[PDB]
Amino acid sequence: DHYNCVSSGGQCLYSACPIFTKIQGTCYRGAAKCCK
């Protein structure tokens, strides 16, 4: 979720994770990816 994503060093994005990050979980009721 958003809380764990952000607290653990990630960001919530709806579409693509930028280069040198990867999908690790989700945010916003699962509609977005947590990119770390």
Side-chain angles (χ1 to χ4, degrees):
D1 71 355
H2 172 261
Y3 186 91
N4 287 328
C5 181
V6 173
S7 60
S8 88
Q11 70 171 311
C12 299
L13 294 168
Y14 278 86
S15 195
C17 291
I19 197 174
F20 312 114
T21 69
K22 63 182 256 48
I23 306 148
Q24 296 185 234
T26 62
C27 309
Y28 306 150
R29 299 311 197 245
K33 325 192 155 54
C34 178
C35 307
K36 334 203 290 193

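Just the heavy atoms: all of them, side chains too, but no hydrogens, waters or symmetry mates, feed the values below. FYI, the numbering just counts along the sequence from 1.
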Inset, instruction - Evaluate the pair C5, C27 and indicate whether the two SG atoms are within a distance below 2.5 Å. - result: no
Inset, instruction - Drop me the distance from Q11's CD to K33's NZ, to the nearest 0.5 angstrom. - result: 12.5 Å
Legend entry - Set of ring pair (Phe, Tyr, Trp, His ring centres under 6.0 Å) partners for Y14, sequence neighbours left out: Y28
Inset, instruction - Mind checking side-chain hydrogen bond (donor to acceptor under 3.5 Å, both in side chains) for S8 and listing every partner two or more places apart, or none if nothing turns up? - result: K36
Kindly write out the residues that satisfy side-chain contact (heavy atoms from CB on, under 4.5 Å) with [X], not counting sequence neighbours, or none if the list is empty.
{"X": "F20", "value": "none"}
{"X": "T21", "value": "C17, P18, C35"}
{"X": "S15", "value": "none"}

Legend entry - ILVMFWY cluster membership beyond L13 - transitive side-chain contacts under 4.5 angstrom: none
